[PDB]
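Accompanying notes for the structure given below.
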Amino acid sequence: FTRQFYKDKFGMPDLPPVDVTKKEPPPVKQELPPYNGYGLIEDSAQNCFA
Amino acid sequence: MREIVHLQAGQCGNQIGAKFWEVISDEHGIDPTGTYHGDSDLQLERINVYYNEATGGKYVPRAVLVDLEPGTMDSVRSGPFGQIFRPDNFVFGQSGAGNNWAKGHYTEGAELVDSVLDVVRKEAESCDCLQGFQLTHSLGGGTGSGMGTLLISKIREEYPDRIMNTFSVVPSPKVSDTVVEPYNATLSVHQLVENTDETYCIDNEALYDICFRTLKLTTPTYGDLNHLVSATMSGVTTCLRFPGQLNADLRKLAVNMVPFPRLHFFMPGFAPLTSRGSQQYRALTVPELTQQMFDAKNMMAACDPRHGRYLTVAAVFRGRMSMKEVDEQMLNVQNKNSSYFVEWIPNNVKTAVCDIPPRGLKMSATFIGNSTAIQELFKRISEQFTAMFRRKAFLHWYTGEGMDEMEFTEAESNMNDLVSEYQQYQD
Ligand SMILES: Nc1nc2c(ncn2[C@@H]2O[C@H](COP(=O)(O)OP(=O)(O)OP(=O)(O)O)[C@@H](O)[C@H]2O)c(=O)[nH]1
Numbered sequence: 350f351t352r353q354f355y356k357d358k359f360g361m362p363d364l365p366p367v368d369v370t371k372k373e374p375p376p377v378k379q380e381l382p383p384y385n386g387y388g389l390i391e392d393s394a395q396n397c398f399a
Numbered sequence: 001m002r003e004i005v006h007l008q009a010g011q012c013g014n015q016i017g018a019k020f021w022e023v024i025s026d027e028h029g030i031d032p033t034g035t036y037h038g039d040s041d042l043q044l045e046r047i048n049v050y051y052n053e054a055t056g057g058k059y060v061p062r063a064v065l066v067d068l069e070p071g072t073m074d075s076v077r078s079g080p081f082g083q084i085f086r087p088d089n090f091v092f093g094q095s096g097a098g099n100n101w102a103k104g105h106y107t108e109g110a111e112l113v114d115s116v117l118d119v120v121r122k123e124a125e126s127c128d129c130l131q132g133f134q135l136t137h138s139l140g141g142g143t144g145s146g147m148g149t150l151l152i153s154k155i156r157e158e159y160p161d162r163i164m165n166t167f168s169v170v171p172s173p174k175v176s177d178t179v180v181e182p183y184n185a186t187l188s189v190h191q192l193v194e195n196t197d198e199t200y201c202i203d204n205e206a207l208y209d210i211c212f213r214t215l216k217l218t219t220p221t222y223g224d225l226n227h228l229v230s231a232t233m234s235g236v237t238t239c240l241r242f243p244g245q246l247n248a249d250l251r252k253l254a255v256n257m258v259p260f261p262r263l264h265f266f267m268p269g270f271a272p273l274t275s276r277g278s279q280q281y282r283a284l285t286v287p288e289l290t291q292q293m294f295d296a297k298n299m300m301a302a303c304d305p306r307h308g309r310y311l312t313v314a315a316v317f318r319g320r321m322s323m324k325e326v327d328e329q330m331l332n333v334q335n336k337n338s339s340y341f342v343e344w345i346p347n348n349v350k351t352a353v354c355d356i357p358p359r360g361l362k363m364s365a366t367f368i369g370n371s372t373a374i375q376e377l378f379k380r381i382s383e384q385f386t387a388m389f390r391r392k393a394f395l396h397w398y399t400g401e402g403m404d405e406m407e408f409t410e411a412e413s414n415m416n417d418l419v420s421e422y423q424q425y426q427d
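Respectively, the protein sequence lines represent chains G1 and ED. Per the deposited numbering, the very first residue in the first sequence carries number 350; after that it's consecutive. Per the deposited numbering, the very first residue in the second sequence carries number 1; after that it's consecutive.
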C-alpha cells in the first residue's frame, strides 16, 4: 500500500527493500580418524561415530 | 649372519602364515608382487634376516607351508601374496586329515616328513647360519599337531644347537568344536614340552574379549584376529632387524627368562590398541603406556594372572625412548605390589628398547612374562581327559589306527609332574 500510494500521490518510483539481515557460514560434521590399520575400512566407520 | 626360516603347519598354520608374512611385507614396503620399493634404508639393509634376494629385486620368503588338503593350500595361494610365496615350497600330500592326531602322527606324515625334511635342510644349507626356526601350528588342531610333533622330534637331532621357537593356539576352554581335542592336546603336549625350548600359548576367547573390549567392532573376522596376532609376533621380531640399544637375541631372552630346564610356556601381551576415539583421545605418555601395558584385561593368552603371581617378566618397546622412564616405572611397579611377584628372584624384570617405531603410530611395545598362569589350563585338560577316558569312548578309531593307552597314562603322568613342579616351586 505504501509503495503504491507513493507512486501516484507523491509520484514516487520503485524502491525495493534491502536485506538488512546478518549472516554466518555453516560448520562441518566430524569425519573419521583414518584407517588405523587394525579394524575394517567400512565397519570401523559405523563403530567410530557416537 | 643370523637369519630365520619360517614353518607354517596345519589349516591355521596357513591362517597365520598368510597374515604374518603379508604384515611384514607391508611394513617393509615390498609390493604384493615382489619388486622391492626401497623407502626405509635400515630395513633394506637388514632384510637378510628373513629374506634371500633374487634378480631384479624380488625377495623369496624363506618359509615353507605344510598341509594335507590341497584346497587350503590353493586358497592361501590365491591370497594377495601366494605369488610372493614359492611353487618350490608348495609341498603337500593327497590324503584327508580326518582331524586325526593318531593318523597324522603315524600314517599320513610317514610319506611327507621325508620330503619336507629334504626341503628344510635344503634351505638351511642355502643360508649361512640360522638362529633357528619359528613354527606356527595348533596343539588342538589335529594334523598340525600330528605333523609338528614328528617334525620337531626329528629336527631336534638334526641340529642340537639352534632355536626351536614354537607358536601354539590353546583350545577355547568353553568349546573345542572338535571333541577329541583334549585327547589331541594330551597326546601333543608331552613331545611338545620334551623337544622344544620356547612355546607361545594363545587362546581364541581372549582375542574375542579384546575385540569386544577395545576393538568394539562387533563384526570380527578370524582375519582381524590374525591381524592382531601378526602384530604380536612382529613385536618380538623387530629387535634383530633394527639398530640402537637393544639385546635382540632370542637366546638372550631365553637365558634371561627361563629359570629351569623344563619351563617353556609363555603368554603374550601388547601395547596401545587404539579404540573408537582414543586416536584423538589418548596422550602417548610412558605412564599410560606402562599403565595399559601391565594390565589384566589387555592380557590375551589364557586366564587372569590375578590368581597367581609373575615368576619373571620381559618387555620390549618400539620408539624413541630413554632409560629413565622405564627405570622409574620399574621402581613404581615393584613398590606398588611387592607381593605380586615371586620373592624367588628379586628384580625379575627385563627391558629392551628398539629405536625404530612402527609405521604410523609413535610408541608401541611387546610384553612377555612367565608366570604360574598355566595351572588352570592343564588342570582343565586333566579333568576333561580323566572324565572322557574313564569310559574310554571314541577309542576304537585309535585302536584301528594302532594305539594303546599306556602312552596316555605316561602323558598324563608327565603333565601332572608339570603341575606339581609349578606348584612346589612357586607355592
Ligand atoms: N585361517 C583360519 N584358521 C582357523 C579358522 N577357524 C579356526 N581355525 C583353527 O585352526 C585350527 C588348526 O588347524 P590345523 O593346524 O590345520 O589342524 P589339522 O591338524 O590340519 O586338522 P584340524 O584340527 O581338523 O583342522 C583349527 O582346528 C581351527 O580351530 C579360520 O576361520 N580361519
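For each residue, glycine too, the CB sits at the ideal point set by N, CA and C.
In its own chain, which residues sit with a C-beta less than 7 Å from the C-beta of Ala185 (chain ED), not counting the 5 before and 5 after it? So the qualifying residues of the chain are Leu139, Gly140, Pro171 and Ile381.
Strictly closer than 5 Å from CB to any heavy atom of ligand 1: give me those residues in the order they appear in the chain. Spelled out in chain order, the answer is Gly10 (chain ED), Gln11 (chain ED), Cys12 (chain ED), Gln15 (chain ED), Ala97 (chain ED), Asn99 (chain ED), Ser138 (chain ED), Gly141 (chain ED), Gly142 (chain ED), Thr143 (chain ED), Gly144 (chain ED) and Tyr222 (chain ED).
State buried or exposed for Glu111 (chain ED), treating a residue as buried only when at least 16 other CB atoms are found within 10 Å of its CB. By the 10 Å Cβ count, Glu111 (chain ED) comes out exposed.
Which whole-angstrom value is the C-beta distance of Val333 (chain ED) and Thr351 (chain ED), which I expect to be below 8 Å? The C-beta distance from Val333 (chain ED) to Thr351 (chain ED) rounds to 12 Å, too long to meet the 8 Å contact threshold.
Counted within 10 angstroms of its Cβ, other Cβ atoms place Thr33 (chain ED) as buried (16 or more) or exposed: Around the CB of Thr33 (chain ED), fewer than 16 other CB atoms lie within 10 Å, so the residue is classed as exposed.
Based on DSSP bridge pairs, tell me the residues matched to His190 (chain ED). Bridge partners of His190 (chain ED): none, in fact.
Cβ of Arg318 (chain ED) within 8 Å of any chain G1 Cβ: Output row for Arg318 (chain ED): interface = no.
Excluding five sequence neighbours on each side, which residues of the same chain lie with their C-beta closer than 8 Å to the C-beta of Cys201 (chain ED)? Cβ-Cβ distances below 8 Å link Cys201 (chain ED) to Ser168, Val170, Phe265, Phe266, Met267, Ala301, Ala302, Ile374 and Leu377 in the same chain, with the five nearest sequence neighbours on each side left out; the list follows chain order.
Is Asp357 (chain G1) helix, strand or coil when you go by DSSP? Secondary structure of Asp357 (chain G1) (DSSP, three-state): helix.
Are three or more beta carbon pairs between the region 84-104 of chain ED and the region 140-152 of chain ED nearer than 8 Å? Contact between the region 84-104 of chain ED and the region 140-152 of chain ED is present: 3 or more CB-CB pairs across the two stretches fall below 8 Å.
Got a sec, what are the start and stop residues for the beta strand (DSSP E) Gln424 (chain ED) sits in? Run containing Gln424 (chain ED): none in the beta strand (DSSP E); it sits in the alpha helix (DSSP H), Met406 to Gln426.
For the region 350-383 of chain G1, which residues have a CB atom closer than 9 Å to at least one CB atom of chain ED, in sequence order? Contacts with chain ED (Cβ-Cβ distance below 9 Å) from the region 350-383 of chain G1 involve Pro382 and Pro383, listed in chain order.
Please go through the same chain and pick out, in chain order, the residues whose beta-carbon is closer than 7 Å to the beta-carbon of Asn414 (chain ED), but skip the five residues on each side of it. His190.
Who are the near neighbours of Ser278 (chain ED) in its chain, counting only those whose CB is closer than 6 Å to its CB and skipping five residues on each side? Within the same chain, and ignoring the five residues on either side of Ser278 (chain ED) in sequence, no residue has its Cβ closer than 6 Å to its Cβ.
Whole runs of the alpha helix (DSSP H) within the region 317-345 of chain ED, excluding any shorter than 4 residues: 323-336, all fully within the region 317-345 of chain ED.
Any beta carbon from chain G1 within less than 8 Å of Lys216 (chain ED)'s own beta carbon? Output row for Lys216 (chain ED): interface = yes.
Quick check on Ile390 (chain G1): does DSSP put it in helix, strand or coil? Secondary structure at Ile390 (chain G1): coil, using DSSP grouped into helix, strand and coil.
Alpha carbon to alpha carbon, how far is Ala314 (chain ED) from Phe367 (chain ED)? Give it in angstroms, no decimals. In this structure, the CA atom of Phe367 (chain ED) is about 6 Å from the CA atom of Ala314 (chain ED).
Using a Cβ cut-off of 8 Å, which residues of the region 255-278 of chain ED contact any Cβ in chain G1, in chain order? Flagged, chain order: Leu273, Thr274, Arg276 and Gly277.
Contact the region 287-302 of chain ED vs the region 196-214 of chain ED: 3+ CB pairs below 8 Å: Taking 8 Å as the limit for Cβ pairs, the verdict is that the region 196-214 of chain ED does touch the region 287-302 of chain ED.
Does any CB atom of chain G1 fall closer than 8 Å to the CB of residue 492 (chain ED)? Lying before the first or after the last residue shown, residue 492 (chain ED) is absent from chain ED, which here runs from 1 to 427.
Classify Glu421 (chain ED): buried if its beta carbon has 16 or more other beta carbons within 10 angstroms, exposed otherwise. Exposed: under 16 other Cβ atoms inside 10 Å.
DSSP beta-bridge partners of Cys303 (chain ED): None; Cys303 (chain ED) has no bridge partner.
Mark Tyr36 (chain ED) as exposed unless 16 or more other C-beta atoms lie within 10 angstroms of its C-beta, in which case mark it buried. Buried: at least 16 other Cβ atoms inside 10 Å.
Spatial neighbours of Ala54 (chain ED) within its chain, please: CB distance less than 7 Å, with the 5 preceding and 5 following residues excluded, ordered by chain position. Around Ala54 (chain ED): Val60.
Can the beta-carbon of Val419 (chain ED) be found closer than 8 Å to that of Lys379 (chain ED)? Contact: yes.
Chain-order list of residues whose beta-carbon lies under 7 Å from that of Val119 (chain ED) (same chain, five-residue window excluded): Sequence-distant partners of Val119 (chain ED) (beyond 5 residues in either direction) whose C-beta falls short of 7 Å from its own C-beta, in its chain, are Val64, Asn89 and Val91.
Sorted by chain position, which residues of the same chain lie with C-beta nearer than 8 Å to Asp197 (chain ED)'s C-beta, five sequence neighbours on each side aside? Correct list, in chain order: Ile163, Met164, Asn165, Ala254, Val258 and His264.
Over the uninterrupted beta strand (DSSP E) stretch that includes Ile4 (chain ED), give me the two end residues. Boundaries of the beta strand (DSSP E) around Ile4 (chain ED): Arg2 to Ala9.
Cβ distance (whole Å) where residue 458 (chain ED) is taken to contact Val113 (chain ED) below 8 Å: Any question about residue 458 (chain ED) goes unanswered here, given that chain ED covers just 1 to 427.
Buried or exposed by the 16-neighbour rule on C-beta atoms within 10 Å, applied to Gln280 (chain ED): Exposed, by the Cβ-count rule.
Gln280 (chain ED): contacting residues in chain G1 (beta-carbon distance under 7 Å): Result: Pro382.
Using CA atoms only, rank isn't needed, just tell me which of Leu130 (chain ED), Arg391 (chain ED), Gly10 (chain ED) and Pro357 (chain ED) is closest to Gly235 (chain ED). The residue among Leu130 (chain ED), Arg391 (chain ED), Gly10 (chain ED) and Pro357 (chain ED) with its C-alpha nearest the C-alpha of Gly235 (chain ED) is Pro357 (chain ED).
Below-8 Å beta-carbon distance, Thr399 (chain ED) vs any chain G1 residue: Among the CB atoms of chain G1, none fall inside 8 Å of the CB of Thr399 (chain ED).
Residues near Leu246 (chain ED) by beta carbon distance below 6 Å, same chain, minus five either side: Contacts found: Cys239, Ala352, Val353 and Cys354.
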